[PDB]
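Working notes, beginning with the structure itself.
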Amino acid sequence: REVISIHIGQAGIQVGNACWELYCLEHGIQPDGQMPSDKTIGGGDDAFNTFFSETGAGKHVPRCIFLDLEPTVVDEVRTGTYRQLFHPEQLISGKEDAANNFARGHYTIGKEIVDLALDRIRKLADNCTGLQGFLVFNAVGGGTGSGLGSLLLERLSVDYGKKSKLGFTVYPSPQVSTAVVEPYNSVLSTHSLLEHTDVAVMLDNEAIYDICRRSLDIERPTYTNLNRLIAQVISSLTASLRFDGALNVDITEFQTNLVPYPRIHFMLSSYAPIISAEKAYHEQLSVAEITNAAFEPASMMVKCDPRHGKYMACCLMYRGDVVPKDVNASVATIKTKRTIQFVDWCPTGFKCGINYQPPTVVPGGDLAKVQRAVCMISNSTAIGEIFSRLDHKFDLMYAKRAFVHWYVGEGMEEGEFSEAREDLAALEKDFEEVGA
Amino acid sequence: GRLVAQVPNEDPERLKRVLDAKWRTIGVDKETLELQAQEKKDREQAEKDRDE
Amino acid sequence: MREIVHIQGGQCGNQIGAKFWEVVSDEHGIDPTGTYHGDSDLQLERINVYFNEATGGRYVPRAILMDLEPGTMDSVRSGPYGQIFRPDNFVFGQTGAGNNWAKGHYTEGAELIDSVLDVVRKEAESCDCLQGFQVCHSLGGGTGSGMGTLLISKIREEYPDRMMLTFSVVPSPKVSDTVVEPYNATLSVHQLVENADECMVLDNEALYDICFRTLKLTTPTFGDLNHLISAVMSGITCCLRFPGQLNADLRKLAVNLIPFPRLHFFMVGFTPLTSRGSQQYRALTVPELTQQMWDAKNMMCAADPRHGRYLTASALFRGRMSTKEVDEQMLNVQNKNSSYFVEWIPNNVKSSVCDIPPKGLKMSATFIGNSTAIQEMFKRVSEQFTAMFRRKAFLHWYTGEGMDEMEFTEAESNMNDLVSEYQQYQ
Amino acid sequence: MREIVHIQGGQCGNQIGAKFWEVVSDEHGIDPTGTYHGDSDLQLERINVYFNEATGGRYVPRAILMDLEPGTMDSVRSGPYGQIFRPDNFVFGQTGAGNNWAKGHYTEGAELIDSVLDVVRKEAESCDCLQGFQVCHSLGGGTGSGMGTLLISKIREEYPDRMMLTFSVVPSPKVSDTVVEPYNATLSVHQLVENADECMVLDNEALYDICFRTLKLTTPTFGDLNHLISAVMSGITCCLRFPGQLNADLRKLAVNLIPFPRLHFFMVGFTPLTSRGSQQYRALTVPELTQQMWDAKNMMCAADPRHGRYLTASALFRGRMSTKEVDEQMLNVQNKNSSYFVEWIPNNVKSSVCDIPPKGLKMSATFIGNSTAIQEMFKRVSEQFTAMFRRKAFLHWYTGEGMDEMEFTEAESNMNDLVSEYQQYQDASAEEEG
Amino acid sequence: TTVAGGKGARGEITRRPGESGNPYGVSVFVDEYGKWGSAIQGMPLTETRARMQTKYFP
Amino acid sequence: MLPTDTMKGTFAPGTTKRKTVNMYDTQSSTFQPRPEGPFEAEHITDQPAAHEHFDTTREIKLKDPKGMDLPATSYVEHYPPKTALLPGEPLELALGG
Amino acid sequence: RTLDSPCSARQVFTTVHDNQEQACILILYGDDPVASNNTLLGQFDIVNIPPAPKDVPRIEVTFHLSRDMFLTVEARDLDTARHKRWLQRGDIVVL
Ligand SMILES: Nc1nc2c(ncn2[C@@H]2O[C@H](COP(=O)(O)OP(=O)(O)OP(=O)(O)O)[C@@H](O)[C@H]2O)c(=O)[nH]1
Ligand SMILES: Nc1nc2c(ncn2[C@@H]2O[C@H](COP(=O)(O)OP(=O)(O)O)[C@@H](O)[C@H]2O)c(=O)[nH]1
Ligand SMILES: Nc1nc2c(ncn2[C@@H]2O[C@H](COP(=O)(O)OP(=O)(O)O)[C@@H](O)[C@H]2O)c(=O)[nH]1
Ligand SMILES: [Mg+2]
């Protein structure tokens with residue numbers, strides 16, 4: 001069982017730098033490539049086979065490719081602590097960035113980076129044997145993430161097609177933002193994210209700021225803390241592949257159990273207990289309260305309100321000291337409560353998964369050693385709300401034709417602006433009828 | 001072989017390697033790799049010294 | 001002489017079978033290293049029914065494990081009584097179905113079923129005279145339900161005259177793991193009504209209920225539910241494995257419980273099940289066994305038989321017991337609650353006695369009562385299948401896999417007329 | 001009394017023969033340096049079938065090596081049990097044909113085969129009553145295939161009445177070494193259908209499949225493949241070398257397995273083959289022998305016998321076994337799986353038993369089935385041959401030597417008529433005549 | 001005893017000659033190689049790279 | 001239990017040049033047997049003393065390469081020398097006259 | 001005799017008496033099948049063979065002859081892994 005993770009964009013590489021730090025610490029690998037000298041061969045070793053291969057003797061090179069167009073962040077990786085972890089080639093770097101420009105990133109520079117990337121991926125899959133799927137990390141706001149990210153997914157779906165491609169994307173927040181052309185970028189990325197990623201999970205940054213302000217009570221969080229708990233979520237939904245559990249859930253179950261229609265793969269995520277080193281000692285953590293804690297909008301990874309929505313389905317990953325009894329009792333209380341409502345198509349709107357290994361801790365992290373945890377991935381109509389919120393302010397700027405000359409200069413036209421806008425309208429109609 | 005045959009068909013050292021399935025799959029001589037990396041670095045430093 | 005070939009399908013099937021082989025090996029005294037260490041000679045004379053003598057007192061089970069994911073097999077060979085199986089019998093796929101009946105019935109079975117049939121054919125022609133095959137599987141998952149039904153179909157076409165048991169766990173709405181539970185359960189039962197000889201219905205909701213009320217545990221892990229279903233399977237097959245004053249094999253119980261070839265879904269109840277705190281404050285007498293066996297809360301299904309009519313029933317007793325009290329208690333329970341028993345069938349109770357009790361007990365029982373309350377649960381499943389299929393939820397995960405919608409219409413129509421004929425005979 | 005002379009051709013043939021002589025010398029108890037040191041007197045009484053007493057317990061094999069490059073010969077010499085072969089029997093050239101059947105049949109054979117024939121004659125009249133010649137070679141190379149087949153032809157013209165076995169591995173498209181494999185194999189089979197008395201078809205694809213699934217070895221090298229083939233040959237000729245309750249000579253097996261003079265390509269198998277970790281779990285009875293012997297995954301050819309009909313079958317057994325069990329097992333197999341056996345021949349199973357097992361076991365079995373599933377492999381070769389001969393590819397390497405295109409036309413004709421004969425005999429009716 | 005279910009924690013069957021966790025050593029049979037979590041059980045892994053060609057296996 | 005432990009045989013050099021020099025040349029390396037060499041333990045001065053030391057309680061035979069013992073042939077096993085059972089005492093009736 | 005200069009040859013031997021302590025290896029040079037007729041060059045013995053039945057324990061005797069005819073003899077008791085090396089005209093080394 002092997003799964004390779006590709007990162008596209010300056011946010012992709014930063015998220016990857018948090019994920020792989022956590023993975024090496026979870027499997028006891030030192031940052032310089034190999035395990036400690038004192039490590040003794042024992043049962044439960046080889047657990048790292050699904051992310052690292054073993055080169056030569058005592059060297060573990062991950063199954064990943066960072067790729068960006070500006071050489072800055074890639075050179076930061078090449079000079080950081082993990083110089084010797086990643087193989088030199090796996091970090092694909094361009095010469096000049098797309099600079100917040102879907103067009104420049106999709107037609108100008110992607111056309112020369114995509115062949116080198118997919119030639120690298122093919123010999124990563126050829127080294128692999130039991131490939132579960134690819135998983136992509138990107139922010140749709142930028143140019144490298146959106147533009148050639150779409151181009152990569154296009155040619156990935158052409159090369160393999162049937163294989164699952166988990167997309168953990170980062171949408172821009174409604175009110176807090178860092179860009180101006182990002183609505184054009186997000187829409188032109190989505191039109192390709194519809195028919196290509198098999199599963200797509202949304203991650204907004206304001207929602208995580210809210211969490212780190214309220215729960216972890218960090219008043220001044222940088223991107224590292226955000227990257228930290230995002231990697232926590234990725235680790236929590238891959239632990240079923242890695243370590244043995246009582247009832248575990250694979251990658252290939254999400255498509256089966258959370259995608260009721262082949263064009264609806266957009267899933268809110270959440271996590272609990274996102275807790276600090278002092279509150280954790282004071283408060284007793286049990287399965288029922290954290291199953292409740294993973295359901296308010298005050299603990300979700302997307303700034304949307306599912307109270308305005310209807311839960312299409314739900315997947316619950318449990319880590320730690322969890323027995324199937326109480327998780328079953330907890331989902332019983334949720335299902336019988338009426339502060340949230342399930343859709344009519346699903347009376348059995350849940351899917352639980354249980355794993356034994358507790359989630360690990362990191363030096364420099366803010367979460368303490370916790371006994372049990374929950375990672376939820378549900379599906380609702382609140383996403384059909386957030387796409388309309390984004391669409392309205394895309395039409396705002398497109399009505400006065402602001403910034404349009406940039407993309408036309410790169411070589412595009414108005415046709416794909418119109419069709420991307422219409423595709424968002426169609427998907428809006430798609431979400432409002434399914435929610436009926 | 002079809003042309004020349006120096007080695008036995010049951011030679012112990014050859015058999016010990018081929019039988020070690022890990023050595024067949026991945027094989028390294030880490031000492032020589034270290035020495036050759038240092039050799040490369042020393043040649044680069046010699047070039048830079050000549051230019052200086 | 002008469003043989004039983006065991007077949008496990010799916011992840012829940014493998015864990016069920018691991019515990020089943022654990023208690024049966026303990027019953028016959030064979031140690032986890034695989035050698036005989038019993039004391040009574042009676043244990044040695046009837047192990048051809050489940051084992052094969054290998055070498056120097058080495059007995060390997062007559063089982064076939066079947067699934068699509070290696071972690072189940074690793075979990076099989078990790079725990080105790082894991083190194084007693086033969087590795088050839090671990091017939092085993094490599095891709096994984098994952099809650100997909102269509103993958104479990106059209107795409108992966110095409111390349112797996114040839115090897116399973118080769119193994120099971122080898123396991124059948126090894127012994128002389130088969131009594132019947134045995135199948136443990138799940139009705140929620142994909143590789144258990146889909147591959148299980150395809151195996152049942154292929155087997156019943158190949159070996160028609162041989163008997164066949166099927167222990168199926170049907171998902172309950174209160175205890176709902178997956179989302180595609182109706183789409184799998186309905187399609188599987190459709191195949192199950194026409195190919196399986198008889199089936200015994202389990203569900204985890206009733207198992208948690210029993211471990212809650214009777215056994216009084218804080219943490220009922222899956223091992224204990226596996227322990228309950230194991231004690232059931234052992235109780236079914238005790239009559240073959242040990243002499244008794246009144247014997248009843250699989251075929252004998254089948255003919256005495258199945259009056260119509262489509263009414264072969266039974267509910268189960270096991271007794272005694274008492275908490276170890278209350279283990280000493282109780283007597284051990286056959287009224288004490290029948291008060292708990294005929295108790296409606298002790299059934300291992302989510303179908304209260306008090307909402308229907310006990311069509312037929314059977315009781316298998318273990319331990320050197322008094323046939324007179326055995327028969328007299330059955331007579332009394334039959335005559336008192338005379339409304340719960342059908343009219344046009346007098347003497348609705350089959351009974352049997354096998355004088356060898358399970359280890360650690362002196363007297364026990366096993367109940368297999370064919371009621372008409374089982375159509376309650378089938379309706380409970382069928383209405384959810386209708387609630388989804390009415391406007392095609394999740395449908396493409398099967399439609400693009402080779403299926404047509406007519407398979408779903410067939411599945412619901414056969415669900416429909418089955419619950420109708422059960423309602424008729426009520 | 002009854003004598004078997006051994007002729008090894010080419011590199012693959014030579015390595016196979018080396019392992020075979022190793023296993024036979026081990027079975028008869030002679031040390032690698034060639035002197036007898038065994039225990040039982042049953043070892044002495046029947047080594048005249050393979051050896052000659054030289055001087056004080058010195059026994060030299062009755063073999064003839066034949067190839068074209070000293071690499072193979074010195075690999076034979078450097079191996080253990082390598083000092084037993086007589087150097088006058090190292091008849092040998094030094095140019096090399098190099099995967100060219102025309103070179104092995106027209107240029108170099110044309111002058112080496114006379115010396116090879118001198119040596120084989122000498123070693124054949126060195127004995128009293130020849131049972132047969134036993135030729136081990138391949139069908140892909142040139143020095144083994146071409147020279148070996150020319151030798152077969154010349155021998156069949158010289159000594160027509162004696163038996164002739166040919167152990168021939170065939171090229172398979174899954175594991176295919178060279179590129180001219182069909183060009184060689186087609187002409188070789190054309191010669192074998194007209195000269196050889198019987199041919200036993202092996203192939204490295206099925207050998208590898210066996211070593212992967214049944215043995216579950218990690219590194220199945222050519223030594224293990226050769227060990228399998230050697231055990232097969234030893235199981236073939238155990239009946240001549242050791243006393244049994246039911247004997248079966250080579251001519252006896254041939255007359256019991258060949259219904260028509262052209263249908264003599266057999267698929268072979270061996271039993272038992274189990275892993276060292278899985279041998280603890282298995283039962284050890286005659287049923288456990290036959291259930292693995294008749295298994296499709298145990299045949300040593302890339303032709304599933306489930307895809308056709310068994311014309312005839314034969315089972316040789318080694319070890320002290322109860323003939324009642326043997327016969328009732330054969331009866332059960334023939335009665336139950338009844339459609340795989342041809343109709344117009346009742347009792348399609350010839351069986352025999354011997355009381356001396358191969359080393360390491362107490363009891364074992366060897367299977368020789370003359371099935372009609374071999375036309376699968378023959379068509380699988382003929383289609384590649386005709387695909388290439390449709391445009392005279394690679395053809396100059398033969399044309400510029402003395403061969404013509406008519407030779408290839410004749411090869412195709414004989415191969416296709418052979419598979420047609422096989423198909424007609426497979427689908428022939430039960431009872432009617434004209 | 002509660003048995004871990006489903007996949008994860010690669011065991012005696014998925015273990016094979018060539019992978020990323022299996023230790024160095026001479027092994028002729030795959031089922032023999034397949035139980036090093038049973039055979040070795042707690043050596044330091046410097047010793048496995050030290051004794052490259054040695055049995056120390058079932 | 002490695003296969004190299006059971007591996008018996010006598011290896012030879014493979015391909016090489018022609019000899020071109022006979023053993024009578026002083027530069028041609030030759031194997032000289034005498035002096036006697038490094039004997040082990042006390043009192044082994046003479047070859048016959050070596051033989052007595054070898055015969056007392058040390059001794060070695062080469063191991064049977066076959067793992068099992070050779071099974072007795074069915075003929076010999078089925079037909080061993082046998083002795084007929086004793087008849088028993090016969091009754092004699094006195095004739096009457 | 002007549003084997004080329006670089007040449008190695010190994011055989012496996014065992015004790016014949018049950019419960020034997022030592023095993024005395026003698027190196028003889030000659031052609032006669034009787035042993036007392038051949039000349040003797042060097043003898044040593046493997047000591048402390050563990051008690052065992054008739055033919056169980058394994059001793060490996062391997063002769064190696066080098067290019068300028070130096071001969072070495074390695075005797076290796078497999079069970080206790082006792083190695084003793086004998087060099088022509090030079091002391092016996094243990095290992
Ligand atoms: N959640 C999260 N988002 C990030 C992080 N770093 C950057 N982003 C997001 O990245 C988006 C812009 O893309 P960038 O990654 O900055 O740059 P890019 O993806 O390479 O696109 P270009 O600058 O045009 O090359 C913004 O919306 C940021 O919110 C991070 O560490 N965590
Ligand atoms: N009694 C019992 N039930 C189980 C076990 N594992 C899963 N289940 C139930 O069976 C259903 C899932 O079966 P599943 O694992 O998907 O079977 P598979 O994937 O086809 O092999 C759920 O309703 C679970 O509640 C088990 O070990 N024991
Ligand atoms: N079983 C076995 N097959 C071999 C060996 N060497 C080569 N082969 C097979 O022989 C075929 C080629 O025959 P080739 O060696 O050219 O025959 P030759 O050159 O005429 O002696 C290839 O398909 C190999 O797979 C060996 O040592 N053992
Ligand atoms: Mg950027």
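Labels for the structure tokens follow display order: chains A, B, ..., residues from 1 in each chain, ligands from 1.
In chain D, the set of residues within 6 Å of chain E (atoms considered: only C-alpha atoms) is residues 216, 217, 218 and 277 of chain D.
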Expected file: the selected residues, N, CA and C atoms, as a CSV table (one decimal), in the first residue's frame:
```csv
chain,number,residue,atom,x,y,z
D,216,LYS,N,7.7,-21.4,-3.8
D,216,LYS,CA,7.8,-20.1,-3.1
D,216,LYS,C,9.2,-19.8,-2.7
D,217,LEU,N,10.1,-20.0,-3.7
D,217,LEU,CA,11.5,-19.5,-3.6
D,217,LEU,C,11.6,-18.0,-3.8
D,218,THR,N,12.6,-17.4,-3.2
D,218,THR,CA,12.8,-16.0,-3.4
D,218,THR,C,13.5,-15.7,-4.7
D,277,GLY,N,8.6,-23.9,4.7
D,277,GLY,CA,7.8,-23.3,5.8
D,277,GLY,C,6.4,-23.9,5.8
```
Tell me, as a ChimeraX atom specification, which residues lie within 9 Å of residue 16 (chain B), counting only C-alpha atoms; anything in the same chain fewer than 6 positions away does not count. /E:26,53-54
Using the selection just defined, write its residues with N, CA, C and O atoms as an mmCIF file, in the first residue's frame.
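Result went into out_35.cif, see below:
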```cif
data_model
loop_
_atom_site.group_PDB
_atom_site.id
_atom_site.type_symbol
_atom_site.label_atom_id
_atom_site.label_comp_id
_atom_site.auth_asym_id
_atom_site.auth_seq_id
_atom_site.Cartn_x
_atom_site.Cartn_y
_atom_site.Cartn_z
ATOM 1 N N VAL E 26 20.109 -13.581 4.420
ATOM 2 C CA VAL E 26 19.969 -14.653 3.448
ATOM 3 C C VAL E 26 18.674 -15.393 3.736
ATOM 4 O O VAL E 26 18.413 -15.788 4.877
ATOM 5 N N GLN E 53 25.422 -11.094 5.325
ATOM 6 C CA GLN E 53 25.217 -12.459 4.843
ATOM 7 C C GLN E 53 25.366 -13.415 6.020
ATOM 8 O O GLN E 53 26.478 -13.821 6.367
ATOM 9 N N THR E 54 24.242 -13.767 6.630
ATOM 10 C CA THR E 54 24.191 -14.660 7.777
ATOM 11 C C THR E 54 22.741 -15.095 7.896
ATOM 12 O O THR E 54 21.836 -14.377 7.468
#
```
12 Å from ligand 4 is the threshold here; counting only C-alpha atoms and all ligand atoms, which polymer residues fall inside it? Answer as a ChimeraX atom specification. /A:8-14,67-74,93-94,96-102,105,138-148,178-179
Store the residues picked out above, limited to C-alpha atoms, as a short mmCIF file (atom, residue, chain, number, x, y, z; two decimals), in the first residue's frame.
```cif
data_model
loop_
_atom_site.label_atom_id
_atom_site.label_comp_id
_atom_site.auth_asym_id
_atom_site.auth_seq_id
_atom_site.Cartn_x
_atom_site.Cartn_y
_atom_site.Cartn_z
CA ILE A 8 1.79 22.47 -6.29
CA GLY A 9 2.31 26.04 -5.14
CA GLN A 10 4.06 28.08 -2.50
CA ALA A 11 1.31 27.06 -0.12
CA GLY A 12 1.65 23.48 -1.30
CA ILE A 13 5.32 23.32 -0.40
CA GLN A 14 4.74 24.93 2.98
CA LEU A 67 7.00 21.73 -7.43
CA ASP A 68 6.91 25.50 -7.79
CA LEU A 69 7.86 28.06 -10.40
CA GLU A 70 9.73 30.53 -8.27
CA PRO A 71 13.00 29.00 -7.00
CA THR A 72 12.75 30.79 -3.65
CA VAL A 73 10.74 28.34 -1.56
CA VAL A 74 12.35 25.34 -3.21
CA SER A 93 11.64 24.26 -9.49
CA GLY A 94 10.90 26.64 -12.33
CA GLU A 96 10.13 32.49 -13.04
CA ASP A 97 6.79 32.41 -11.27
CA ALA A 98 3.31 32.75 -12.73
CA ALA A 99 2.71 35.77 -10.46
CA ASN A 100 -0.97 35.42 -9.53
CA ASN A 101 -2.01 34.61 -13.07
CA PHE A 102 -4.01 31.54 -14.03
CA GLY A 105 0.54 29.55 -15.16
CA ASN A 138 -2.62 23.40 -3.57
CA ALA A 139 -3.95 26.86 -2.97
CA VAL A 140 -6.26 27.99 -5.75
CA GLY A 141 -5.52 31.67 -5.16
CA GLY A 142 -2.05 31.85 -6.69
CA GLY A 143 -0.96 31.16 -10.22
CA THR A 144 1.31 28.15 -9.83
CA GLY A 145 -1.22 26.37 -7.64
CA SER A 146 -4.21 27.10 -9.84
CA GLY A 147 -2.90 27.28 -13.39
CA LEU A 148 -0.41 24.48 -13.88
CA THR A 178 -4.21 38.51 0.34
CA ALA A 179 -4.89 38.99 -3.36
#
```
List as a PyMOL selection string the protein and nucleic acid residues lying within 8 Å of ligand 2, with only C-alpha atoms and all ligand atoms counted. (chain A and resi 246-247) or (chain C and resi 9-16+67-68+97-99+137-146+169-172+175-178+181+203-204+207+222-223+225-226+229) or (chain E and resi 5-6)
Check every residue of chain F for an atom within 8 Å of chain D, counting only C-alpha atoms, and provide those that qualify as a PDB file with C-alpha atoms, in the first residue's frame.
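The result, written out as part-v1.pdb:
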```
ATOM      1  CA  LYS F   8      30.210 -31.514  -1.534  1.00  0.00           C
ATOM      2  CA  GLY F   9      32.436 -31.649  -4.575  1.00  0.00           C
ATOM      3  CA  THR F  10      35.870 -31.083  -6.050  1.00  0.00           C
ATOM      4  CA  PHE F  11      36.340 -27.858  -7.977  1.00  0.00           C
ATOM      5  CA  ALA F  12      38.876 -27.252 -10.726  1.00  0.00           C
ATOM      6  CA  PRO F  13      40.269 -24.182 -12.470  1.00  0.00           C
ATOM      7  CA  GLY F  14      38.274 -23.007 -15.443  1.00  0.00           C
ATOM      8  CA  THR F  15      39.575 -21.549 -18.689  1.00  0.00           C
ATOM      9  CA  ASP F  64      24.981 -40.266   3.842  1.00  0.00           C
ATOM     10  CA  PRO F  65      24.035 -37.536   1.342  1.00  0.00           C
ATOM     11  CA  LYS F  66      20.519 -38.937   1.325  1.00  0.00           C
ATOM     12  CA  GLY F  67      18.678 -37.754   4.411  1.00  0.00           C
ATOM     13  CA  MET F  68      16.726 -40.936   5.112  1.00  0.00           C
ATOM     14  CA  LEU F  70      17.521 -46.758   2.265  1.00  0.00           C
ATOM     15  CA  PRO F  71      14.124 -48.504   2.437  1.00  0.00           C
ATOM     16  CA  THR F  73      12.877 -53.516  -1.002  1.00  0.00           C
ATOM     17  CA  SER F  74       9.360 -54.909  -0.995  1.00  0.00           C
TER      18      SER F  74
END
```
Shell of 9 Å around ligand 3 (only C-alpha atoms and all ligand atoms), written as JSON, numbers by chain: {"B": [1, 2], "D": [9, 10, 11, 12, 13, 14, 15, 16, 67, 68, 72, 96, 97, 98, 99, 100, 101, 104, 137, 138, 139, 140, 141, 142, 143, 144, 145, 146, 147, 148, 169, 170, 171, 172, 175, 176, 177, 178, 181, 202, 203, 204, 205, 207, 221, 222, 223, 224, 225, 226, 227, 228, 229]}
Would you return as a PyMOL selection string the members of chain B that DSSP assigns to alpha helix (DSSP H) on this structure's backbone? chain B and resi 12-19+21-25+30-51
Would you mind writing down, as a PDB file with C-alpha atoms, in the first residue's frame, each residue of region 274-380 of chain D that DSSP on the backbone assigns to strand (DSSP E or B)?
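Contents of the output file states_25.pdb:
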```
ATOM      1  CA  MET D 299       2.424 -29.118 -15.402  1.00  0.00           C
ATOM      2  CA  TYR D 310      -5.978 -35.954 -22.280  1.00  0.00           C
ATOM      3  CA  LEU D 311      -5.198 -38.471 -24.993  1.00  0.00           C
ATOM      4  CA  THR D 312      -3.211 -40.697 -22.640  1.00  0.00           C
ATOM      5  CA  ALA D 313      -1.575 -40.271 -19.262  1.00  0.00           C
ATOM      6  CA  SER D 314       1.055 -42.038 -17.215  1.00  0.00           C
ATOM      7  CA  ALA D 315       2.160 -41.916 -13.596  1.00  0.00           C
ATOM      8  CA  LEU D 316       5.403 -43.344 -12.263  1.00  0.00           C
ATOM      9  CA  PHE D 317       5.724 -43.665  -8.505  1.00  0.00           C
ATOM     10  CA  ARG D 318       8.768 -44.028  -6.286  1.00  0.00           C
ATOM     11  CA  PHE D 341     -10.265 -37.624 -20.996  1.00  0.00           C
ATOM     12  CA  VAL D 349      -3.943 -44.055 -17.329  1.00  0.00           C
ATOM     13  CA  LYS D 350      -0.812 -46.202 -17.343  1.00  0.00           C
ATOM     14  CA  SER D 351       0.770 -46.477 -13.906  1.00  0.00           C
ATOM     15  CA  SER D 352       3.834 -48.038 -12.330  1.00  0.00           C
ATOM     16  CA  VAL D 353       5.556 -48.276  -8.952  1.00  0.00           C
ATOM     17  CA  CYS D 354       9.157 -48.621  -7.761  1.00  0.00           C
ATOM     18  CA  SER D 364       7.310 -39.229  -4.865  1.00  0.00           C
ATOM     19  CA  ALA D 365       5.680 -39.211  -8.284  1.00  0.00           C
ATOM     20  CA  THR D 366       6.255 -38.245 -11.907  1.00  0.00           C
ATOM     21  CA  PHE D 367       3.550 -37.521 -14.473  1.00  0.00           C
ATOM     22  CA  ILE D 368       3.717 -37.781 -18.264  1.00  0.00           C
ATOM     23  CA  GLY D 369       0.545 -36.705 -20.005  1.00  0.00           C
ATOM     24  CA  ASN D 370       0.045 -36.917 -23.737  1.00  0.00           C
ATOM     25  CA  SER D 371      -2.622 -34.247 -24.080  1.00  0.00           C
TER      26      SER D 371
END
```
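Distance annotation: of E:40, E:52, E:47, E:7, the residue with the minimal separation from residue 250 (chain A) is E:7; atom set is only C-alpha atoms.
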Would you mind reading off the distance between CA of residue 132 (chain C) and CA of residue 88 (chain C), one decimal, in Å? 21.2 Å
Residues of chain G were defined as contacting chain F if any atom lay at most 9 Å from it, counting only C-alpha atoms; please report them as number ranges by chain. G: 3-17, 20-26, 29, 35-36, 39-45, 55-56, 58, 60, 67-71, 78, 86-92
Grab the residues selected above and save them as a short mmCIF file (atom, residue, chain, number, x, y, z; two decimals), in the first residue's frame with C-alpha atoms.
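The resulting again_0.cif:
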```cif
data_model
loop_
_atom_site.label_atom_id
_atom_site.label_comp_id
_atom_site.auth_asym_id
_atom_site.auth_seq_id
_atom_site.Cartn_x
_atom_site.Cartn_y
_atom_site.Cartn_z
CA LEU G 3 43.67 -31.53 -10.86
CA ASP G 4 45.04 -28.03 -11.77
CA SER G 5 46.98 -25.79 -9.36
CA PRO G 6 44.18 -23.59 -7.95
CA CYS G 7 41.84 -26.26 -6.61
CA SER G 8 39.40 -26.69 -3.73
CA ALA G 9 37.41 -29.73 -2.64
CA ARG G 10 35.13 -30.17 0.36
CA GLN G 11 33.29 -33.12 1.87
CA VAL G 12 31.05 -33.70 4.87
CA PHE G 13 31.95 -36.36 7.42
CA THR G 14 30.47 -37.57 10.68
CA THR G 15 31.43 -39.68 13.63
CA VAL G 16 30.69 -43.39 13.49
CA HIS G 17 30.66 -44.23 17.19
CA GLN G 20 32.08 -39.51 20.52
CA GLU G 21 34.28 -36.79 21.97
CA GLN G 22 36.96 -36.16 19.33
CA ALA G 23 37.34 -36.82 15.61
CA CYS G 24 40.85 -37.38 14.28
CA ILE G 25 41.48 -36.12 10.75
CA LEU G 26 44.54 -37.61 9.04
CA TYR G 29 49.43 -38.57 0.26
CA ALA G 35 45.55 -46.26 4.39
CA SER G 36 48.68 -47.58 6.07
CA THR G 39 52.55 -41.65 3.37
CA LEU G 40 51.31 -39.32 6.07
CA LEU G 41 51.65 -35.54 6.19
CA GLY G 42 50.08 -33.89 9.20
CA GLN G 43 47.17 -34.93 11.37
CA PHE G 44 44.94 -33.04 13.74
CA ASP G 45 41.59 -33.53 15.41
CA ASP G 55 25.83 -40.13 12.50
CA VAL G 56 24.24 -36.83 13.54
CA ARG G 58 28.57 -32.70 10.87
CA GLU G 60 33.24 -30.22 6.97
CA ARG G 67 49.08 -21.68 -7.20
CA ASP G 68 52.59 -22.31 -5.88
CA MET G 69 51.23 -25.57 -4.34
CA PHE G 70 50.78 -24.47 -0.71
CA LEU G 71 48.08 -26.66 0.81
CA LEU G 78 29.00 -27.17 12.20
CA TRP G 86 46.03 -26.71 9.15
CA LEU G 87 48.86 -25.27 7.05
CA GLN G 88 51.59 -27.35 5.46
CA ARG G 89 54.89 -26.83 7.32
CA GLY G 90 53.37 -24.35 9.74
CA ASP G 91 51.45 -24.40 12.97
CA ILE G 92 47.80 -25.37 13.33
#
```
